[PDB]
Structure formats: C-alpha cells, structure tokens
Number of protein chains: 2
Amino acid sequence: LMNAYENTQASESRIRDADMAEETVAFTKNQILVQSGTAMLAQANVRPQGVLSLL
Amino acid sequence: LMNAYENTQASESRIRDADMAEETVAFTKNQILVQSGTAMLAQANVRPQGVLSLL
C-alpha cells in the first residue's frame with residue numbers, strides 16, 4: 001500500500017500539478033506582449049491627428 | 001554453510017548496495033548544476049525587457 005500510494009500520487013501529480021518554471025516564462029512573455037500592445041494602441045489613438053493640419 | 005553464507009552475502013552486497021560517498025559526490029554535483037540552471041533561467045527570463053524601450 002505504501003508503494004502503490006507513492007506511485008499513485010506521483011502519477012496524479014504528473015497530470016494535475018503545474019510546473020512553475022515551465023510557464024512563468026510564458027507569464028513574462030505575455031506581460032511583455034501586453035505592454036507592447038498597450039504602447040502600440042496608445043500610438044494608434046494619436047494616428048488621425050495629422051488630418052487637423054489640413055483644417 | 002556459515003562461510004558460504006558470508007561470502008555470498010558479500011557478493012550480493014557488491015551489486016545491490018550503493019556506495020555512499022561516490023553517490024553523494026554525484027548528488028552534490030547535480031545540486032550545484034540544478035541551482036546554476038535555475039539561476040540562469042531566471043536571469044534569461046528578462047531578455048525581452050530590452051525591447052520595450054524602443055516603444
């Protein structure tokens with residue numbers, strides 16, 4: 001029962017538990033992506049401002 | 001039978017039993033390797049931060 005329990009727990013952890021190092025890189029990647037997206041959006045708001053030079 | 005038992009026990013121990021020192025050296029080598037690797041991964045996780053300054 002000890003042997004089966006430890007192997008069973010290992011098998012369960014291999015499926016449900018998350019590997020923090022595996023996707024903390026993904027988290028940082030997504031943070032960089034969202035920052036770049038916010039910057040590009042804010043750049044996009046001021047894009048039509050050049051029209052006013054013709055009025 | 002006594003002599004045969006002691007000889008056979010020694011022969012079996014030559015195979016199944018582990019060497020404590022020659023295992024601890026590898027264990028500590030693996031330890032320094034893994035901590036170096038996790039430090040290197042942690043420092044490599046911040047590479048994209050050099051890009052957002054261009055935004």
# chains A, B, ... in the order shown; residues from 1 in each chain; ligands from 1
>>> interface_residues(of="chain B", to="chain A", cutoff="10 Å", atoms="only C-alpha atoms", output="NGL selection string")
:B and (38 or 41-42 or 44-49 or 51-55)
>>> write_last_selection(atoms="N, CA and C atoms", output="mmCIF file, in the first residue's frame")
data_model
loop_
_atom_site.group_PDB
_atom_site.id
_atom_site.type_symbol
_atom_site.label_atom_id
_atom_site.label_comp_id
_atom_site.auth_asym_id
_atom_site.auth_seq_id
_atom_site.Cartn_x
_atom_site.Cartn_y
_atom_site.Cartn_z
ATOM 1 N N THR B 38 18.720 26.945 -12.618
ATOM 2 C CA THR B 38 17.558 27.759 -12.279
ATOM 3 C C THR B 38 17.925 29.237 -12.209
ATOM 4 N N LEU B 41 18.153 30.352 -15.868
ATOM 5 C CA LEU B 41 16.822 30.511 -16.441
ATOM 6 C C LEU B 41 16.163 31.783 -15.927
ATOM 7 N N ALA B 42 16.280 32.040 -14.622
ATOM 8 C CA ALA B 42 15.667 33.232 -14.050
ATOM 9 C C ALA B 42 16.246 34.494 -14.669
ATOM 10 N N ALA B 44 17.703 34.660 -17.633
ATOM 11 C CA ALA B 44 17.379 34.668 -19.053
ATOM 12 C C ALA B 44 15.922 35.007 -19.307
ATOM 13 N N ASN B 45 15.085 34.956 -18.274
ATOM 14 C CA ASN B 45 13.673 35.264 -18.439
ATOM 15 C C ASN B 45 13.426 36.745 -18.694
ATOM 16 N N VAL B 46 14.406 37.607 -18.419
ATOM 17 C CA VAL B 46 14.216 39.049 -18.516
ATOM 18 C C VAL B 46 14.792 39.623 -19.807
ATOM 19 N N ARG B 47 15.175 38.772 -20.758
ATOM 20 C CA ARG B 47 15.728 39.271 -22.017
ATOM 21 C C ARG B 47 14.777 40.183 -22.782
ATOM 22 N N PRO B 48 13.495 39.851 -22.972
ATOM 23 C CA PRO B 48 12.638 40.722 -23.793
ATOM 24 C C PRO B 48 12.469 42.121 -23.233
ATOM 25 N N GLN B 49 12.787 42.341 -21.956
ATOM 26 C CA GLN B 49 12.688 43.677 -21.383
ATOM 27 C C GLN B 49 13.578 44.681 -22.101
ATOM 28 N N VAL B 51 13.599 45.149 -25.182
ATOM 29 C CA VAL B 51 12.960 45.553 -26.429
ATOM 30 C C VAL B 51 11.968 46.686 -26.200
ATOM 31 N N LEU B 52 11.249 46.665 -25.075
ATOM 32 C CA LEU B 52 10.143 47.601 -24.896
ATOM 33 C C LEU B 52 10.607 49.050 -24.826
ATOM 34 N N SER B 53 11.899 49.289 -24.590
ATOM 35 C CA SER B 53 12.410 50.653 -24.602
ATOM 36 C C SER B 53 12.268 51.301 -25.970
ATOM 37 N N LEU B 54 12.230 50.504 -27.036
ATOM 38 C CA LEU B 54 12.035 51.026 -28.381
ATOM 39 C C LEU B 54 10.605 51.472 -28.640
ATOM 40 N N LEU B 55 9.678 51.173 -27.738
ATOM 41 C CA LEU B 55 8.287 51.563 -27.915
ATOM 42 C C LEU B 55 8.036 52.949 -27.335
#
>>> atom_distance(atom1="CA of residue 15 (chain A)", atom2="CA of residue 34 (chain A)")
29.2 Å
>>> atom_distance(atom1="CA of residue 23 (chain A)", atom2="CA of residue 30 (chain B)")
23.2 Å
>>> decode(residues="region 12-41 of chain B", atoms="N, CA, C and O atoms", output="tab-separated table (two decimals), in the first residue's frame")
chain	number	residue	atom	x	y	z
B	12	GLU	N	26.62	-10.47	-3.00
B	12	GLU	CA	25.39	-9.75	-3.30
B	12	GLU	C	25.51	-8.27	-2.95
B	12	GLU	O	25.04	-7.41	-3.70
B	13	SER	N	26.14	-7.96	-1.82
B	13	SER	CA	26.31	-6.56	-1.43
B	13	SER	C	27.17	-5.81	-2.43
B	13	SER	O	27.00	-4.60	-2.61
B	14	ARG	N	28.10	-6.52	-3.09
B	14	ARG	CA	28.91	-5.88	-4.12
B	14	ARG	C	28.05	-5.33	-5.26
B	14	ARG	O	28.49	-4.42	-5.97
B	15	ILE	N	26.85	-5.86	-5.43
B	15	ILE	CA	25.98	-5.48	-6.55
B	15	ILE	C	24.89	-4.52	-6.11
B	15	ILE	O	24.82	-3.39	-6.59
B	16	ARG	N	24.02	-4.96	-5.20
B	16	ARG	CA	22.80	-4.22	-4.88
B	16	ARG	C	23.05	-3.00	-4.01
B	16	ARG	O	22.42	-1.96	-4.21
B	17	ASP	N	23.95	-3.10	-3.03
B	17	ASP	CA	24.18	-2.00	-2.11
B	17	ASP	C	24.93	-0.86	-2.79
B	17	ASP	O	25.82	-1.08	-3.61
B	18	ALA	N	24.55	0.37	-2.44
B	18	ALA	CA	25.12	1.56	-3.05
B	18	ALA	C	26.38	2.00	-2.31
B	18	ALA	O	26.58	1.68	-1.14
B	19	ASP	N	27.22	2.76	-3.01
B	19	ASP	CA	28.40	3.37	-2.42
B	19	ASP	C	28.03	4.78	-1.97
B	19	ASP	O	27.64	5.61	-2.79
B	20	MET	N	28.17	5.04	-0.68
B	20	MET	CA	27.62	6.27	-0.11
B	20	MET	C	28.37	7.50	-0.59
B	20	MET	O	27.76	8.48	-1.03
B	21	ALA	N	29.70	7.48	-0.52
B	21	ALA	CA	30.48	8.66	-0.87
B	21	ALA	C	30.44	8.93	-2.37
B	21	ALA	O	30.24	10.07	-2.81
B	22	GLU	N	30.64	7.89	-3.18
B	22	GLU	CA	30.63	8.02	-4.63
B	22	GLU	C	29.24	8.36	-5.15
B	22	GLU	O	29.12	8.72	-6.33
B	23	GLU	N	28.21	8.25	-4.32
B	23	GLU	CA	26.88	8.72	-4.68
B	23	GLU	C	26.64	10.14	-4.21
B	23	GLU	O	26.02	10.94	-4.93
B	24	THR	N	27.13	10.49	-3.02
B	24	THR	CA	26.95	11.85	-2.52
B	24	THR	C	27.69	12.86	-3.38
B	24	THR	O	27.23	14.00	-3.54
B	25	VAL	N	28.85	12.49	-3.93
B	25	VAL	CA	29.57	13.42	-4.80
B	25	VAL	C	28.73	13.76	-6.03
B	25	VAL	O	28.59	14.93	-6.41
B	26	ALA	N	28.14	12.74	-6.66
B	26	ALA	CA	27.28	12.99	-7.80
B	26	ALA	C	26.04	13.77	-7.39
B	26	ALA	O	25.54	14.61	-8.15
B	27	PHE	N	25.52	13.49	-6.20
B	27	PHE	CA	24.33	14.19	-5.73
B	27	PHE	C	24.60	15.68	-5.57
B	27	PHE	O	23.81	16.52	-6.02
B	28	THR	N	25.74	16.04	-4.98
B	28	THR	CA	26.05	17.45	-4.81
B	28	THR	C	26.42	18.11	-6.13
B	28	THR	O	26.14	19.30	-6.33
B	29	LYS	N	27.03	17.36	-7.06
B	29	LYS	CA	27.26	17.91	-8.39
B	29	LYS	C	25.94	18.23	-9.08
B	29	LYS	O	25.79	19.29	-9.70
B	30	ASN	N	24.96	17.33	-8.96
B	30	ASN	CA	23.64	17.60	-9.51
B	30	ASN	C	23.00	18.80	-8.83
B	30	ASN	O	22.30	19.58	-9.47
B	31	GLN	N	23.22	18.95	-7.52
B	31	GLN	CA	22.66	20.09	-6.80
B	31	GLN	C	23.21	21.41	-7.33
B	31	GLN	O	22.45	22.35	-7.61
B	32	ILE	N	24.53	21.51	-7.46
B	32	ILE	CA	25.10	22.76	-7.95
B	32	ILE	C	24.65	23.00	-9.39
B	32	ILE	O	24.34	24.13	-9.78
B	33	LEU	N	24.57	21.93	-10.19
B	33	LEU	CA	24.10	22.07	-11.56
B	33	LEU	C	22.68	22.62	-11.61
B	33	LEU	O	22.38	23.52	-12.40
B	34	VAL	N	21.79	22.09	-10.77
B	34	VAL	CA	20.39	22.50	-10.85
B	34	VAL	C	20.21	23.92	-10.35
B	34	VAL	O	19.41	24.69	-10.91
B	35	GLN	N	20.93	24.32	-9.30
B	35	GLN	CA	20.79	25.70	-8.84
B	35	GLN	C	21.39	26.67	-9.85
B	35	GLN	O	20.83	27.75	-10.09
B	36	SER	N	22.50	26.30	-10.48
B	36	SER	CA	23.04	27.13	-11.55
B	36	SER	C	22.05	27.25	-12.70
B	36	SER	O	21.86	28.34	-13.26
B	37	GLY	N	21.41	26.14	-13.07
B	37	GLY	CA	20.45	26.18	-14.15
B	37	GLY	C	19.24	27.04	-13.84
B	37	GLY	O	18.77	27.79	-14.70
B	38	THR	N	18.72	26.94	-12.62
B	38	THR	CA	17.56	27.76	-12.28
B	38	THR	C	17.92	29.24	-12.21
B	38	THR	O	17.14	30.09	-12.64
B	39	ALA	N	19.12	29.56	-11.71
B	39	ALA	CA	19.56	30.95	-11.74
B	39	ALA	C	19.70	31.46	-13.17
B	39	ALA	O	19.28	32.58	-13.48
B	40	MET	N	20.27	30.63	-14.05
B	40	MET	CA	20.45	31.04	-15.43
B	40	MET	C	19.11	31.24	-16.13
B	40	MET	O	18.94	32.19	-16.90
B	41	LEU	N	18.15	30.35	-15.87
B	41	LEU	CA	16.82	30.51	-16.44
B	41	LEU	C	16.16	31.78	-15.93
B	41	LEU	O	15.56	32.54	-16.70
